[PDB]
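Residue numbers (PDB author numbering), protein chains in the order written: chain B, 1 to 27, 33 to 248; chain A, 2 to 28, 32 to 248. Each residue gets a CB set at the ideal place from its N, CA and C atoms; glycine is no exception.
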Ligand SMILES: [Cl-]
Ligand SMILES: [Cl-]
Ligand SMILES: [Cl-]
Ligand SMILES: [Cl-]
Ligand SMILES: [Cl-]
Ligand SMILES: [Cl-]
Ligand SMILES: [Cl-]
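Now the structure itself:
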């Protein structure tokens, strides 16, 4: 069976990541903005659901968000969430809302040329920072360390930046969109190096065998076709403050 | 959901070098299929254990036609350079993407066109824009160039597209980027591409709506992506250049 989402309330999980989902404290409440919030409003306007937007707790990992949805804590989850085989085993994903890949993030002046330097042991493993519960962790375990968790574990993007800037780690991995955004707008002393890797996609997380899958997919595809997803990307990502 | 091990799947494919390459060989005539799609079927079969009954769509079948044939029950899945679109998703489901995609303008070498702007500003009369009917290119033309008017030069296949360009009947057409590069680097050295990419999209395997095996297929495609098989296959079939 299938159905339309018109009139239905959806608990929509989101997770902090600038400029996908920007969390501001104002006065005394929090206010969400970004590409994800705008996307929700386009979808809401076309499909007629009621959006109950729920921010994942601090330090919730990407894997944690998916597992929370699988356990029924949300109806869908929307963000910079990579479609992976292990995740697809427990949840479904909408049609892609964006292409993706990763890049290596480091401090300027660090003598790293690209991924070969990581795979050839030029960097001690405990100086490669990896955010646990991310696709970057899967890649590392599959391609660098042959299964051993010998990376420096990171609980969040903020820990990743702080650890790089304090010299506790030498490199980490980020999705290309946000990697470009933060090194161009926030952390002028950090930079990207090497070719991009792990080509992938972002998708909206839904329950397996979801009643509303077609309605959501058809609307996501229409937003692509008519150039709304591009406009949104341009609105939130085309910007550079760093000199 | 459950497993397809031992289950026969009727797999629709559609000729498109080097995704699906059709050769006719003689003694009595027989047909041989090779290409990216055939290798992908092998990889999926090895992992998933289904039995593959590969069925080539009749000549001049359109992409939309293939999708409709599947919706009608003629195939269990269909695999090829098939663009995921909103209109198609109304009637079938699509697996996770097997490849990103976009389109380019195809034209004869030397033609004085700099890009999509010249198709809108009337430098090319509509009847000299060739558009393969039942393709995503048609949808884009209608959406972005002609305001819904089917005023183009209709084409029934890539062959007709190439023939028409080379005979000077049309000045431009649209092609997916992967095959556009392949064909202009290996087959038609006097055709070329121009202008920016457009219509960023994906290719997916076509399945029935609400298919019981959707998870099983998706997990396996993602695994091929993650372990680099899809990249290897792309390199194998597409990283070739015969034209000088
Ligand atoms: Cl590299
Ligand atoms: Cl990231
Ligand atoms: Cl599912
Ligand atoms: Cl252009
Ligand atoms: Cl094409
Ligand atoms: Cl030629
Ligand atoms: Cl469906």
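Below 8 Å between beta carbons: does that hold for residue 13 of chain B and residue 61 of chain B? At a Cβ-Cβ threshold of 8 Å, residue 13 of chain B and residue 61 of chain B count as neighbours.
Mind listing, in chain order, the residues whose beta carbon lies closer than 7 Å to a non-hydrogen atom of ligand 7? Taking each Cβ in turn, the ones that pass are B:2, B:218, B:219, A:97, A:213, A:214.
Between which two residues does the beta strand (DSSP E) carrying residue 56 of chain B extend? Run containing residue 56 of chain B: 55–60, per the beta strand (DSSP E) assignment.
What separation, rounded to the nearest whole angstrom, lies between the Cα atoms of residue 221 of chain A and residue 114 of chain A? Cα-Cα distance, rounded: 45 Å.
Neighbour flag for residue 101 of chain B against chain A, beta carbons, 8 Å: Yes, residue 101 of chain B lies at the interface with chain A (some Cβ there is under 8 Å from its Cβ).
Chain B contact residues for residue 222 of chain A, given Cβ-Cβ distances below 7 Å: Counting only Cβ-Cβ distances below 7 Å, residue 222 of chain A has contacts in chain B at 93, in chain order.
Members of the stretch 65–94 of chain A that neighbour chain B once the beta carbon cut-off is set at 9 Å: Result list: 88, 89, 90, 91, 92, 93, 94.
Taking 7 Å as the cut-off, is the CB of residue 119 of chain B close to at least one heavy atom of ligand 1? At least one heavy atom of ligand 1 lies closer than 7 Å to the C-beta of residue 119 of chain B.
Is residue 199 of chain B near ligand 1 - that is, is its Cβ less than 7 Å away from at least one heavy atom of it? Yes; taking the cut-off as 7 Å, the Cβ of residue 199 of chain B has a heavy atom of ligand 1 nearer than that.
When burial is assigned at 16 or more other CB atoms within 10 Å of the CB, is residue 28 of chain A buried or exposed? Exposed is the label assigned to residue 28 of chain A, since fewer than 16 other Cβ atoms lie within 10 Å of its Cβ.
What are the complete alpha helix (DSSP H) segments, minimum 4 residues, inside the stretch 78–160 of chain A? Within the stretch 78–160 of chain A, the complete alpha helix (DSSP H) segments at least 4 residues long are 90–93, 121–124, 140–144, listed from N- to C-terminus.
Using the rule of at least 16 other Cβ atoms within 10 Å of the residue's Cβ for burial, across every protein chain shown, is residue 33 of chain B buried or exposed? Classification for residue 33 of chain B: exposed.
Using a Cβ cut-off of 8 Å (strictly closer), state whether residue 28 of chain B contacts chain A. Residue numbering in chain B jumps from 27 to 33; residue 28 of chain B, which lies between, is not modelled.
Using 8 Å as the threshold, is the C-beta distance between residue 43 of chain A and residue 237 of chain A below it? Cβ distance < 8 Å, so residue 43 of chain A and residue 237 of chain A count as in contact.
Quick check on the burial criterion: 16 or more other C-beta atoms within 10 angstroms. Buried or exposed for residue 152 of chain A? Counting the other Cβ atoms within 10 Å of the Cβ of residue 152 of chain A gives fewer than 16, which makes it exposed.
Is residue 19 of chain A buried or exposed, if buried means 16 or more other CB atoms sit within 10 Å of its CB? Buried, by the Cβ-count rule.
Under a CB-based cut-off of 8 Å, is residue 185 of chain A close to chain B? Not closer than 8 Å to any Cβ of chain B, the Cβ of residue 185 of chain A fails to qualify, so no.
Just to check my reading of the structure: residue 224 of chain A and residue 88 of chain B have Cβ atoms closer than 8 Å, yes? What is that Cβ distance to the nearest angstrom? Contact between residue 224 of chain A and residue 88 of chain B is absent: CB atoms are separated by about 13 Å, not below the 8 Å threshold.
By DSSP, does residue 168 of chain A sit in helix, in strand, or in coil? Of the three classes helix, strand and coil, the one that applies to residue 168 of chain A here is helix, per DSSP.
According to DSSP, is residue 66 of chain A helix, strand or coil? Of the three classes helix, strand and coil, the one that applies to residue 66 of chain A here is coil, per DSSP.
At 7 Å on the CB atoms, spell out the chain B contacts of residue 227 of chain A, in chain order. Neighbours of residue 227 of chain A on chain B, chain order: 90.
Please report how far the alpha carbon of residue 91 of chain A lies from the alpha carbon of residue 72 of chain A, in whole angstroms. So the alpha carbons of these two residues sit roughly 11 Å apart.
So residue 206 of chain A contacts chain B; which residues on that side make the cut at Cβ distance below 7 Å? Neighbours of residue 206 of chain A in chain B, taken as residues at a C-beta separation under 7 Å, are given in chain order as 101.
Any C-beta of chain B sitting closer than 8 Å to the C-beta of residue 239 of chain A? Answer no: the Cβ-Cβ gap between residue 239 of chain A and chain B never drops below 8 Å.
Given that residue 219 of chain A touches chain B, what residues does it touch there, using C-beta distances under 9 Å? Within chain B, the residues placing a beta-carbon under 9 Å from that of residue 219 of chain A are 93, 94, 97, 213, 214, ordered along the chain.
Does any CB atom of chain A fall closer than 8 Å to the CB of residue 230 of chain B? With a threshold of 8 Å between beta carbons, residue 230 of chain B makes contact with chain A.
Any heavy atom of ligand 6 inside 7 Å of the beta-carbon of residue 110 of chain A? No, ligand 6 has no heavy atom inside 7 Å of this Cβ.
Going along the chain, which residues of its own chain have a beta-carbon closer than 7 Å to the beta-carbon of residue 130 of chain B, five neighbours each way excluded? Excluding sequence neighbours, residue 130 of chain B sits near 150, 155, 156.
Residue 218 of chain B lies in the alpha helix (DSSP H); which residues open and close that run? Residue range 218–230 is occupied by the alpha helix (DSSP H) that includes residue 218 of chain B.
Using the rule of at least 16 other Cβ atoms within 10 Å of the residue's Cβ for burial, across every protein chain shown, is residue 119 of chain B buried or exposed? Here residue 119 of chain B is exposed, its C-beta having fewer than 16 other C-beta atoms within 10 Å.
What did DSSP end up calling residue 181 of chain B once you bin it into helix, strand or coil? In the structure shown, residue 181 of chain B sits in a helix (DSSP, three-state: H, G or I).
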